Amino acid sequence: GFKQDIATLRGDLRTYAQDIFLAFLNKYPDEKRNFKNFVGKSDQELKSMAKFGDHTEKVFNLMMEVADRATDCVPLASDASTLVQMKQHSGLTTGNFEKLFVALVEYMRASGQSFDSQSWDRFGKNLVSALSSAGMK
């Protein structure tokens, strides 16, 4: 289930973080509007870029903590507030986060592994709801 999935992703986090983030950017190309340094680059080129690996690792490090602190896939309000008040997130709306988790769930469903895809779908929806509650447009 959800708790084991957190362990699975953490066990190979640089690989999963990069692959899931690439699935997101390739499914939703216009989201690169938020990541200009990643434009005009193939997956293999991004995986050799220092700032790409550092960004994806830091994002998924924090995502896994938020997941780990959740109860029944409901994140802490404090974690939602942190994500909304982050200066790096100033321009963002909830649709951006929805798309990230649609891509993550699709990646899990397409993998050969027994991820608990429905729990991550719920987690994404509850996080979007919590982001909205905390003031994200």
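Note that residue numbering begins at 1 and tracks the sequence as displayed.
Averaged over CA atoms, B-factors in the entry run higher in 25-33 than in the other of 25-33 and 72-80. Of the two segments, 81-89 and 97-105, the one listed with the higher mean B-factor is 81-89 (C-alpha atoms only). The PDB entry assigns its highest CA temperature factor, among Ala110, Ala67, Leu46, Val59, to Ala110.
In the deposited entry, the Cα temperature factor of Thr8 places it in the middle third of its chain's modelled residues. In the PDB entry, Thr15 places in the lowest third of its chain by CA B-factor.
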